[PDB]
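A.B. asks: Okay, here's the structure, questions in a sec.
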Amino acid sequence: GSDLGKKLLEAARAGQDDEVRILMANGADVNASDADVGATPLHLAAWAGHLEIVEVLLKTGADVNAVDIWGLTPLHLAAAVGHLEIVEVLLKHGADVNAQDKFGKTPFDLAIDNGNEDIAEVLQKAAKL
Amino acid sequence: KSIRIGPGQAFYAXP
Ligand SMILES: [Ca+2]
């Protein structure tokens, strides 16, 4: 019952989707943020490639455009690692294709730099609106 | 570790 936000961060990173659902049923803050770097459960689930967890967090009110101490959003992270279906779900839920990290880099820039050309094309088309 | 993400790798990596 204690420290549910830290527990939710860990469960999201680790892919523990049943535990995510349990923690949220017991009141865990979907917008919990790491005390040192500001990352949220959605950041971790997007980076780590856990689509079900991404969808659970969005449905319970996670801020799709939350930023961490490096200016990274969940969309940056999914675009860098190269999770196309997560990119698509984040965009459908209002992810900001124009968001810049602390170095000026968009999710598109990270997709380009990581050889994720299919995602980069999705992001370029979304930036035209 | 292969993912090019910048200084934030210290928290996220992972790959
Ligand atoms: Ca590739």
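In the structure tokens, the first chain shown is A, the next is B, and so on; residue numbers restart at 1 for each chain, and ligands run from 1 in the order shown.
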Applying 8 Å and only C-alpha atoms, which residues near range 8-14 of chain B remain after dropping the ones on its own chain fewer than 5 positions away? List them as a ChimeraX atom specification.
C.D. replies: /A:37,44,47-48,70 /B:1
A.B. asks: Just the selected residues (N, CA, C and O atoms), exported as a tab-separated table (two decimals), in the first residue's frame, please.
C.D. replies:
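Result written to part-v8.tsv:
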chain	number	residue	atom	x	y	z
A	37	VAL	N	14.70	12.35	-12.01
A	37	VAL	CA	14.70	12.67	-13.43
A	37	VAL	C	13.34	12.99	-14.01
A	37	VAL	O	13.26	13.38	-15.18
A	44	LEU	N	8.40	5.14	-19.27
A	44	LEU	CA	9.08	3.85	-19.15
A	44	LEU	C	8.43	2.79	-20.01
A	44	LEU	O	9.12	2.01	-20.65
A	47	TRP	N	9.35	3.53	-23.74
A	47	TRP	CA	10.72	3.13	-24.02
A	47	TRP	C	10.85	1.62	-24.07
A	47	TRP	O	11.48	1.07	-24.97
A	48	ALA	N	10.31	0.93	-23.06
A	48	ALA	CA	10.52	-0.50	-22.92
A	48	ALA	C	9.65	-1.33	-23.86
A	48	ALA	O	9.87	-2.55	-23.94
A	70	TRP	N	15.49	15.59	-19.29
A	70	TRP	CA	16.18	15.79	-20.56
A	70	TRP	C	15.25	16.30	-21.63
A	70	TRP	O	15.64	16.38	-22.79
B	1	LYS	N	21.61	-0.56	-24.95
B	1	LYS	CA	22.65	0.45	-25.05
B	1	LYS	C	22.85	0.96	-26.47
B	1	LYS	O	23.42	2.02	-26.68
A.B. asks: May I ask you to write as JSON, numbers by chain all residues lying at most 10 Å from ligand 1, with only C-alpha atoms and all ligand atoms counted?
C.D. replies: {"A": [81, 82, 111, 112, 113, 114, 115, 116, 117, 118, 119]}
A.B. asks: Output C-alpha atoms for every residue in the selection just made, as a compact mmCIF listing (two decimals), in the first residue's frame.
C.D. replies:
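Done, and the output landed in out-v4.txt:
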# COMPACT_ATOMS: atom_id res chain seq x y z
CA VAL A 81 13.80 2.56 -29.73
CA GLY A 82 11.57 2.02 -32.76
CA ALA A 111 13.82 8.04 -35.32
CA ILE A 112 16.21 9.22 -38.06
CA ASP A 113 19.26 8.85 -35.85
CA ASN A 114 18.25 5.31 -34.82
CA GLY A 115 17.51 4.00 -38.31
CA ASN A 116 13.77 3.85 -37.79
CA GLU A 117 12.77 5.18 -41.19
CA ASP A 118 9.18 3.88 -41.14
CA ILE A 119 8.51 5.71 -37.88
A.B. asks: What are the residues of chain B that have an atom within 7 Å of an atom of chain A, counting only C-alpha atoms, as a PyMOL selection string?
C.D. replies: chain B and resi 3-5+8
A.B. asks: Where in chain B does DSSP assign alpha helix (DSSP H), given as a JSON list (two decimals) with C-alpha atoms, in the first residue's frame?
C.D. replies:
[["chain", "number", "residue", "atom", "x", "y", "z"],
["B", 9, "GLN", "CA", 20.45, 6.74, -21.42],
["B", 10, "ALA", "CA", 21.70, 6.77, -17.83],
["B", 11, "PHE", "CA", 18.11, 6.35, -16.65],
["B", 12, "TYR", "CA", 16.45, 4.44, -19.51]]
A.B. asks: Do you know which residues are at most 8 Å from residue 6 in chain A counting only C-alpha atoms, after dropping those on the same chain fewer than 3 positions away, and could you put them as an MDAnalysis selection string?
C.D. replies: chainID A and resid 3 9:10 32 34
A.B. asks: Could the residues in this selection be saved with N, CA, C and O atoms as a PDB file, in the first residue's frame?
C.D. replies:
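The file below, result_3.pdb, is the result:
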ATOM      1  N   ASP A   3       4.162   3.749  -1.124  1.00  0.00           N
ATOM      2  CA  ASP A   3       5.029   4.157  -2.238  1.00  0.00           C
ATOM      3  C   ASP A   3       4.527   3.622  -3.576  1.00  0.00           C
ATOM      4  O   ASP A   3       5.289   3.062  -4.380  1.00  0.00           O
ATOM      5  N   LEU A   9       6.119   3.026 -11.315  1.00  0.00           N
ATOM      6  CA  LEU A   9       7.261   3.239 -12.208  1.00  0.00           C
ATOM      7  C   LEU A   9       8.018   1.949 -12.487  1.00  0.00           C
ATOM      8  O   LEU A   9       8.335   1.634 -13.645  1.00  0.00           O
ATOM      9  N   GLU A  10       8.333   1.198 -11.429  1.00  0.00           N
ATOM     10  CA  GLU A  10       9.057  -0.056 -11.587  1.00  0.00           C
ATOM     11  C   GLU A  10       8.271  -1.072 -12.411  1.00  0.00           C
ATOM     12  O   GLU A  10       8.830  -1.728 -13.303  1.00  0.00           O
ATOM     13  N   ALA A  32       2.758   9.610 -11.595  1.00  0.00           N
ATOM     14  CA  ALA A  32       3.922   9.551 -10.722  1.00  0.00           C
ATOM     15  C   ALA A  32       5.167   9.892 -11.517  1.00  0.00           C
ATOM     16  O   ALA A  32       5.288   9.555 -12.697  1.00  0.00           O
ATOM     17  N   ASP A  34       9.521  10.109 -11.352  1.00  0.00           N
ATOM     18  CA  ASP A  34      10.774   9.792 -10.684  1.00  0.00           C
ATOM     19  C   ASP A  34      11.349  11.035 -10.001  1.00  0.00           C
ATOM     20  O   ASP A  34      11.382  12.122 -10.585  1.00  0.00           O
TER      21      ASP A  34
END
A.B. asks: Give me the residues within 9 Å of residue 24 in chain A as a PyMOL selection string, counting only C-alpha atoms and dropping any in the same chain fewer than 6 places off.
C.D. replies: chain A and resi 4+8+30+60
A.B. asks: Just write the chosen residues, N, CA and C atoms, as an mmCIF file, in the first residue's frame.
C.D. replies:
data_model
loop_
_atom_site.group_PDB
_atom_site.id
_atom_site.type_symbol
_atom_site.label_atom_id
_atom_site.label_comp_id
_atom_site.auth_asym_id
_atom_site.auth_seq_id
_atom_site.Cartn_x
_atom_site.Cartn_y
_atom_site.Cartn_z
ATOM 1 N N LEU A 4 3.232 3.824 -3.835
ATOM 2 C CA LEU A 4 2.632 3.222 -5.018
ATOM 3 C C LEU A 4 3.191 3.826 -6.296
ATOM 4 N N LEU A 8 4.680 1.747 -9.261
ATOM 5 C CA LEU A 8 4.119 1.815 -10.602
ATOM 6 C C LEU A 8 5.197 2.118 -11.632
ATOM 7 N N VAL A 30 -1.109 7.643 -11.754
ATOM 8 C CA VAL A 30 -0.703 7.348 -13.126
ATOM 9 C C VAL A 30 0.346 8.329 -13.616
ATOM 10 N N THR A 60 -6.191 5.646 -18.113
ATOM 11 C CA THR A 60 -6.398 6.134 -16.757
ATOM 12 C C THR A 60 -5.878 7.560 -16.548
#
A.B. asks: So how many Å separate CA of residue 66 in chain A and CA of residue 94 in chain A, to one decimal?
C.D. replies: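 These atoms are spaced 11.6 Å apart.
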A.B. asks: Quick one: everything within 9 Å of residue 61 in chain A, counting only C-alpha atoms, minus sequence neighbours fewer than 4 positions away in the same chain. Send it as number ranges by chain.
C.D. replies: A: 30-31, 56-57
